[PDB]
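One structure is given below, encoded as structure tokens.
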Amino acid sequence: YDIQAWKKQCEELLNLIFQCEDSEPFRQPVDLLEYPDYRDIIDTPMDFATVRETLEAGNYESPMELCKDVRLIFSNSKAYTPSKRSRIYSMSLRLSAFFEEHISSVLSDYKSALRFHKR
Ligand SMILES: OCCn1cc(Br)cn1
């Protein structure tokens with residue numbers, strides 16, 4: 001029932017994601033010199049360094065907010081891919097499966113802890 005435990009759990013999960021070769025295209029903001037029309041397709045860029053920085057700044061109140069930004073990295077990749085068989089999009093699908101697998105208990109434990117606090 002530790003209401004604050006999600007934060008270090010999220011830090012450790014971001015460390016695992018950064019060690020994963022599949023996170024390479026998502027570790028930093030998409031390069032606009034490389035993809036000049038990126039902002040014509042994507043309204044809200046997101047990447048794992050921005051997520052880690054937001055977390056370390058104390059700018060996430062809950063793991064649900066962190067989860068919304070991580071899922072935005074994957075939906076941006078799906079929206080920008082020219083094909084569902086592209087290398088970067090294929091890496092995003094594997095990384096998203098790995099993330100969802102690990103974030104589920106973080107979300108469950110936090111929501112359980114908050115319900116106990118308001119019991
Ligand atoms: O690497 C993030 C930029 N991007 C390229 C494709 Br394909 C989808 N998103």
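Every chain in the structure tokens takes a letter, A first, then B, and so on in the order presented; its residues are numbered from 1, and the ligands are numbered from 1 following the presented order.
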
To check your reading of the model: which residues sit at most 7 Å from ligand 1 when counting only C-alpha atoms and all ligand atoms? Write the answer as a VMD selection string. chain A and resid 25 to 26 30 76 to 78 80 to 82 86 to 89

Write out, as a short mmCIF file (atom, residue, chain, number, x, y, z; two decimals), in the first residue's frame, the residues just selected, with C-alpha atoms.
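What ended up in again21.cif:
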data_model
loop_
_atom_site.label_atom_id
_atom_site.label_comp_id
_atom_site.auth_asym_id
_atom_site.auth_seq_id
_atom_site.Cartn_x
_atom_site.Cartn_y
_atom_site.Cartn_z
CA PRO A 25 14.62 5.00 -32.27
CA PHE A 26 12.69 6.34 -29.24
CA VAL A 30 12.62 12.44 -33.51
CA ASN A 76 3.23 8.43 -32.82
CA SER A 77 5.32 5.60 -34.29
CA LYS A 78 2.16 3.90 -35.63
CA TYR A 80 4.15 8.12 -38.79
CA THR A 81 5.13 4.72 -40.21
CA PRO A 82 4.63 4.43 -44.01
CA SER A 86 8.74 -0.91 -41.28
CA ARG A 87 11.82 -1.49 -39.05
CA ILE A 88 11.10 1.33 -36.57
CA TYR A 89 7.38 0.46 -36.25
#

Could you check how far CA of residue 47 in chain A sits from CA of residue 111 in chain A, in Å to one decimal? 25.2 Å

Shell around range 55-71 of chain A at 8 Å using only C-alpha atoms, local window under 5 positions removed, as a compact mmCIF listing (two decimals) with C-alpha atoms, in the first residue's frame:
# COMPACT_ATOMS: atom_id res chain seq x y z
CA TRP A 6 5.43 3.62 -8.44
CA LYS A 7 8.16 6.24 -8.99
CA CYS A 10 9.01 3.45 -13.20
CA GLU A 11 12.71 4.53 -12.99
CA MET A 46 7.23 12.15 -27.21
CA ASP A 47 10.36 10.11 -26.38
CA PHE A 48 11.87 8.11 -23.46
CA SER A 96 5.19 -1.74 -26.39
CA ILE A 103 3.68 -1.55 -16.25
CA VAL A 106 2.85 -0.82 -11.26
CA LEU A 107 -0.61 0.53 -12.15
CA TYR A 110 -0.66 2.18 -7.18

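Between residue 12 in chain A and the candidates A:52, A:92, A:72, A:100, the tightest atom-to-atom separation, counting only C-alpha atoms, involves A:52.
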
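Using only C-alpha atoms, the protein and nucleic acid residues lying no more than 12 Å from residue 15 in chain A, apart from those fewer than 2 places from it along its own chain, are residues 8, 9, 10, 11, 12, 13, 17, 18, 19, 20, 23, 27, 48, 49, 51, 52 and 99 of chain A.
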
Give me, please, the distance in Å between CA of residue 32 in chain A and CA of residue 73 in chain A, quoted to one decimal. 15.7 Å

Which distance in Å separates CA of residue 44 in chain A and CA of residue 74 in chain A, to one decimal? 11.8 Å

When DSSP works through the backbone of this structure, what residues of chain A end up as helix (DSSP H, G or I), shown as a PyMOL selection string? chain A and resi 6-19+21-26+38-41+48-56+63-80+87-117

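Distances here use only C-alpha atoms; by that measure, the residue among A:101, A:14, A:28, A:45 closest to residue 79 in chain A is A:45.
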
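Of the listed residues (A:24, A:75, A:3, A:91), A:3 comes nearest to residue 109 in chain A; the distances count only C-alpha atoms.
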
So that I can check the surroundings of residue 117 in chain A, please list as a PyMOL selection string every protein, DNA and RNA residue that reaches within 9 Å of it, counting only C-alpha atoms and ignoring chain neighbours fewer than 4 positions away. chain A and resi 1+3+112-113
